[PDB]
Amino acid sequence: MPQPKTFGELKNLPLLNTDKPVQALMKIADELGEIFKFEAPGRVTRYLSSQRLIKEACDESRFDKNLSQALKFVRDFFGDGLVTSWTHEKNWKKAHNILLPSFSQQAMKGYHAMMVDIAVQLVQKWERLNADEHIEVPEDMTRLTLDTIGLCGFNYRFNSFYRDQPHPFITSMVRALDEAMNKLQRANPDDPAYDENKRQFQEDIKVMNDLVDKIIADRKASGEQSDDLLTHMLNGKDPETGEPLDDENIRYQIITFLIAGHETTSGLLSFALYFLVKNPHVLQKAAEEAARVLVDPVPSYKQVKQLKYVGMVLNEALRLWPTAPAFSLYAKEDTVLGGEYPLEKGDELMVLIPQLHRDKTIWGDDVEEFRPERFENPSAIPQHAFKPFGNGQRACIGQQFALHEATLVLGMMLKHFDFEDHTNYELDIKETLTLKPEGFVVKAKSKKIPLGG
């Protein structure tokens, strides 16, 4: 098995002391191929990059979701929420059963109007810019996606478009998640001058939980019936057990959903607009579809479903830069992967999604091209070749929510404005635990098409 450069007792860990660790891992995969061993003090992971190996790893009879180091660290504030619980921890399956109905078609139809509310705020913001002002793309997409999950899920308005900097929840969330990403902290977390970081961390967690408090208080004070995600959290009963979620778990789900529910979707919208401005003929075709399909002053649910090419633009953005770029599995028993690589019970695998999605045996030699037409025919994409939403029963519960919101918003953007890559922007991918273009800016010239209420 290939392995990258080690550094004595630190093994491979210094390779990840960099601003862009996933990009570093992709380069290592480029050098070493479909599988490599990665060791840190205390742990071994095998990174997989080929569809033939990832297909086997996605067999749930042999491999289950693993909580990676990052997932274990963030559990300090995500707790035993859906993202951070083991498949055999009781509260995984219990919450899964209670919340799944909140992501049906019916539920999506119910969220649509509130998705439109936030989308209209974005379009209005851009209509109101003065000559020669520009748009900060990831910043505005984060405003939109946070507000969208807040309002759709919790009936809570973050009012991000009324602030010129991030909502304080975001500012604490980013520092709390960055603290966790500082996983290699002198491999001496109990050092001298981390009392500072540890204090700050608790303060950041407290800011997030005080917002959770307001969400729950506002719900309780409400005179109206919301019938949303929070409703199901508070009231829903697991049909396998008869039980509703306990209070502590509810708080962890709210934090889980507010975070997971916006950050990767902001990244996706930003990457999609990047690839559109860099591929003008693709932009033209998407914009022609938006104009033909979005014939009313605001979009209906059924219209968003008809933006097929827009859907393909999003899927092709997720192919090249899947914004949650890795998920971890473990071997349920001793087994052999790909007829060649023996694994012991409990061994960890990490699926490196961007490399999977560059597997030339699947996608051909145009892997780096942005070509949404690749997705014209679903059945021409082998099982387990495209996995931006994870796998099996632990796959993203929010997938259709993300894609409906992103399709609606990108469609409205393409209907209402012409975009200019005025700086000839050079892609710079900032990594947190997710991926996003940094410093991406455009200019938008309004086509002066009225919006509705």
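In this text, residue numbers run from 1 along the sequence as written.
Going by the B-factors listed in the PDB entry, is the mean over the C-alpha atoms higher for 252 to 260 or for 204 to 212? Per the deposited B-factors, the answer is 204 to 212.
Would you tell me which stretch averages the higher CA B-factor in the PDB entry, 143 to 151 or 337 to 345? In the deposited entry, the stretch with the higher C-alpha B-factor mean is 337 to 345.
Looking at 160, 270, 185, 121, which has the highest CA B-factor as recorded? Of the options given, 185 has the highest CA B-factor in the PDB entry.
Just grab whichever of 364, 81, 372, 354 has the top CA B-factor as deposited. Top of the list by C-alpha B-factor: 364.
Among the chain's modelled residues, which third holds the C-alpha B-factor of residue 30? Its C-alpha B-factor belongs to the highest third of this chain's values.
Where the record places residue 235 (Cα B-factor, split into thirds across the chain): For residue 235, whose C-alpha B-factor we compare with every modelled residue in the chain, the answer is the highest third.
With respect to C-alpha B-factor, does residue 387 fall in the lowest, middle or highest third of the chain as deposited? Lowest third of the chain for residue 387's C-alpha B-factor.
Once the chain's modelled residues are ordered by C-alpha B factor and cut into thirds, is residue 411 in the lowest, middle or highest one? According to the entry, residue 411 has a C-alpha B-factor in the chain's middle third.
By the record's CA B-factor, is residue 130 among the lowest, middle or highest third of residues in the chain? Middle third of the chain for residue 130's C-alpha B-factor.
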